[PDB]
Amino acid sequence: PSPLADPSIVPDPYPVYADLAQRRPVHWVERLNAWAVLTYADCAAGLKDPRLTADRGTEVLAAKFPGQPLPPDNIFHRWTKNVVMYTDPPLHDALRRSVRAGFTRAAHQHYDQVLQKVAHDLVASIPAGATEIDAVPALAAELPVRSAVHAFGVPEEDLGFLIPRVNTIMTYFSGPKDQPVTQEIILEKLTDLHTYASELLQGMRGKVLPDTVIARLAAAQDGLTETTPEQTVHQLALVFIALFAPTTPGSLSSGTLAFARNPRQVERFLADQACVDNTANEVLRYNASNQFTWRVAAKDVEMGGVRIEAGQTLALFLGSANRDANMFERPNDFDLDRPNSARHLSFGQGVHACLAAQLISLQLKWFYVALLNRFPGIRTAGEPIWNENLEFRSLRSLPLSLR
Ligand code: HEM
Ligand SMILES: N[C@@H](Cc1c[nH]c2ccccc12)C(=O)O
């Protein structure tokens, strides 16, 4: 029976992952209804294997809410089948092209400057007399909200509608434990996000700041030719879920803990620009916020000495891959000088590689620039406490002393 279903692994899964990567690199996890895949080689290839489909909403819903299927007209199915995350090419590619305007090279030039300033302002807001802070609420949870506002364009006045709704939806992704919120309530909130997205574009909600992702997407709508207005609304709902997910806070807080525990890495960061430039990637490698991602077998595949049959579900453990010593020597070292940190799988790989990958790497870079030049002496001031979630793993508390 799999140690991956043991909630006690969440604060430090890596010794278990390393053991299983060696002995049981692909094996069954009954509480996921899926094959766990633990090695870098199998995860990286699996993400790019056309025999594995992204079309998995039915299967994953069956794993998480067995006995509660939904018909094709249901919001869950209409949403999953019309967003990039859960579609294969060709539809995937039409959907991804439809959001290009938010993510161009020129847009990222602008986002670079915004995120520099936003991170600057955050860190500069910490009062002079502060030696102690809980870096989760104060920083890790805060920066992504400020980025949502200033870079993505989510109206600040609408955050009270969005943040609790995305928190509720995200309980879908609670890993191999009981679902804390009923399916019925998740679907209500998913529906609410579609109503909000549609109304936002119509000008019935808040005011979207100019030159942000959402402003650029709004302006692109008249010229779209291969996708529908419903499809924009589905895609915006996915964007809000991703923007307010614990992914970005987890990356920020786990990287902050890494620096706090590895002061010589602070020294490296402050000495060498190449170590700044590698910070986002080494932070993302060190702890994947999304520790596993789902796939379904569209055809039979053989992985890790196991024949997986068409129709079976797979859990690709990105978090284990990232610490596989066969790819990353001394994988438990947080090392800014590591030469291949960019090879991490925290954003996935291939067709579905994170749409926001550069946005988030900018956010991380600028955060650590601001934080570590202000407070190079960061250290722990108590025990970091993790959320009870393997699937989207993040710190709930990170007590620090800043000097
Ligand atoms: C540190 C923060 C983040 C992490 C760790 C993360 C991670 C990931 C991962 C692992 C995937 C691929 C999943 C798979 O193929 O199974 C992905 C895809 C995606 N990400 Fe993110 N991401 C984050 C932030 C964001 C944000 C803020 C957005 C808002 C736009 C976003 C939008 C997306 C989209 C739309 C996809 C799907 C791309 C496609 O299917 O072509 N991500 N991300
Ligand atoms: N791992 C998710 C996809 C995903 C990646 N990043 C996310 C952020 C928020 C919600 C879901 C996602 C899945 O298999 O379904």
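Throughout, numbering of the chain's residues begins at 1 and tracks the sequence. Counting convention: from 1, in listed order, for ligands and their atoms alike. Atom set for the values below is all heavy atoms of this structure, side chains included, hydrogens, waters and symmetry mates excluded.
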Using only atom types and a distance under 3.5 Å, with no angle test, would you say the side chain of [X] pairs donor to acceptor with the backbone of [Y]?
| X | Y | result |
| --- | --- | --- |
| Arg379 | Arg261 | no |
| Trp35 | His27 | no |
| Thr279 | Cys275 | yes |
| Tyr368 | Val283 | no |
| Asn281 | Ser341 | no |
| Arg393 | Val10 | yes |
| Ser320 | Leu38 | yes |

Under-4.0 Å salt bridge between [X] and [Y]:
| X | Y | answer |
| --- | --- | --- |
| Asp333 | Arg338 | no |
| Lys64 | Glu391 | yes |
| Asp158 | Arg205 | no |
| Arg285 | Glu282 | yes |
| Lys117 | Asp121 | yes |
| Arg268 | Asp337 | yes |
| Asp178 | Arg31 | yes |

State the atoms of ligand 1, each with its element, that fall below the 4.0 Å cut-off from a heavy-atom position in [X].
| X | result |
| --- | --- |
| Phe152 | 29 (C), 30 (C) |
| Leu318 | 10 (C) |
| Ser251 | 1 (C) |
| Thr248 | 1 (C), 2 (C) |

So which heavy atom in the protein is nearest [atom], and how far is it from that ligand atom?
| atom | result |
| --- | --- |
| atom 3 (C) of ligand 2 | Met85 SD, 3.6 Å |
| atom 36 (C) of ligand 1 | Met85 CE, 3.5 Å |
| atom 7 (C) of ligand 2 | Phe392 CZ, 3.6 Å |
| atom 14 (O) of ligand 2 | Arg56 NH2, 2.8 Å |
| atom 5 (C) of ligand 1 | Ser346 O, 3.5 Å |
| atom 15 (O) of ligand 2 | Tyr86 OH, 2.8 Å |

Tell me whether [X] has any N or O atom under 3.5 angstrom from an N or O of ligand 1.
| X | value |
| --- | --- |
| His352 | yes |
| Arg56 | yes |
| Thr293 | yes |
| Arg295 | yes |

Would you mind telling me if ligand 1 is within reach of the side chain of [X], the backbone, both or neither, using heavy atoms under 4.0 Å?
| X | value |
| --- | --- |
| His92 | side chain |
| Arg96 | side chain |
| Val351 | backbone |

For this session: Could you check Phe292, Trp294, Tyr14 and say which one makes a ring-ring contact (aromatic ring centres under 6.0 Å, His included) with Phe317?
Result: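 Answer to the ring-ring contact (aromatic ring centres under 6.0 Å, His included) test with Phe317 among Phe292, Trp294, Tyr14: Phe292.
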For this session: Return the option from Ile169, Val166, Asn290, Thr247 holding the heavy atom at the smallest distance from atom 1 (N) of ligand 2.
Result: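 The nearest heavy atom belongs to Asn290.
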Exercise. For ligand 1, is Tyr86 a contact, meaning one of its heavy atoms is under 4.0 Å away?
Worked result: no
Seminar exercise, completed: Under 4.0 Å from one or more heavy atoms of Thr293, ligand 2 contributes atoms 1 (N), 2 (C), 13 (C), 14 (O)
Exercise. Is the closest heavy atom of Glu391 to ligand 2 under 4.0 Å?
Worked result: no
Problem set entry | Row check, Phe76 ring normal vs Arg78 NZ/CZ: under 6.0 Å, within 45° | no
Exercise. Using a distance threshold of 2.8 Å, what protein N/O/S atoms lie below it relative to atom 21 (Fe) of ligand 1?
Worked result: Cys354 SG
